[PDB]
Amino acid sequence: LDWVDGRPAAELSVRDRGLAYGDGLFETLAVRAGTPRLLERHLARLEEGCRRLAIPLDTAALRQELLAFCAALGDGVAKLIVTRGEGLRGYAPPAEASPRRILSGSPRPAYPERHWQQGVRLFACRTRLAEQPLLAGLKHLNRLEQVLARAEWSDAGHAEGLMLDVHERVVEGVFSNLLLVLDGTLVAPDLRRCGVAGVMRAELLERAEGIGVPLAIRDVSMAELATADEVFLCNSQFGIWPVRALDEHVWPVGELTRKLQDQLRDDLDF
């Protein structure tokens, strides 16, 4: 399945701004029984990106179109890309821009359950996240940093990689967020300089507060990570992977990590 602007289409104009400048946003939605999981959260992040990038998307008409696409897809993944649309001259956002809405469907990808069960080893990526507060948190199309980090390893012994910012602060994975427990306190790295504010990160923070777990969003150092009670990665496709190792560091699978897995599995079928 591929749609452009709500009609079957597998191609778009070579003059699109999504292609020219990565001038756009994306969401990757798990689909079950014709409907997207965690729909509200995916929509909330897309809408906030459209606000901050001033892309005149009608997010209300989009929810309809997306719902119809997911019903046609039935089961798997729906990737939505919104671009600012056709480019006139150069960088200037055009005045009367019409955003392109591209929907592409795929099968559930093959995330191994053993990563959820036994946990994973992170690759210590050397590619750093640049600090850019105007784009921080948004799931925009400028993803060359993730492409470069992903390319640093190709083996099966590492399921994800650790991305630090240019001050070596601990930020996130290559395609997932990282959270850690420091004193029975659940700590999420602050994403106001770089990173992607994950839908699962937002979901788990709210669920942990629901159960009385003390939270903090703040800067986290490498030294703090090495001494953490437990560590895990999350995203809206695999849910939670406990982190067991990073270079010489090891961590056991933690109690809070297991409690949240059990909540995600029973409540939402992760």
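Residue numbers run from 1 along the displayed sequence.
Participant: May I ask you to compare 117 to 125 and 136 to 144 by their mean CA B factor in the entry and name the higher one?
Facilitator: Between 136 to 144 and 117 to 125, it is 117 to 125 that shows the higher mean C-alpha B-factor.
Participant: If you average the Cα B factors in the entry, which is higher, 36 to 44 or 64 to 72?
Facilitator: The recorded data point to 64 to 72.
Participant: Based on what the PDB entry reports, which of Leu88, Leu179, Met200, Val196 has the top C-alpha B-factor?
Facilitator: Answer, based on the entry's C-alpha B-factors: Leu88.
Participant: In terms of recorded Cα temperature factor, pick the maximum from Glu152, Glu172, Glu96, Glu131.
Facilitator: The listed residue with the largest C-alpha B-factor is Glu96.
Participant: Ranking the modelled residues of this chain by C-alpha B-factor as given in the entry, is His249 in the lowest, middle or highest third?
Facilitator: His249: CA B-factor falls in the highest third of its chain.
Participant: Taking the chain's C-alpha temperature factors as the reference, tell me which third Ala10 falls into: lowest, middle or highest.
Facilitator: Tercile = highest for this residue's CA B-factor.
Participant: Among the modelled residues of this chain, does the Cα B factor of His167 put it in the lowest, middle or highest third?
Facilitator: Within its chain, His167 is a lowest-third residue by C-alpha B-factor, going by the deposited values.
Participant: Could you look up the Cα B-factor of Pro214 in the entry and say which third of the chain it sits in: lowest, middle or highest?
Facilitator: Top third by C-alpha B-factor.
Participant: Divide the modelled residues of the chain into thirds by Cα B-factor and specify which third, lowest, middle or highest, holds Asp16.
Facilitator: Middle third.
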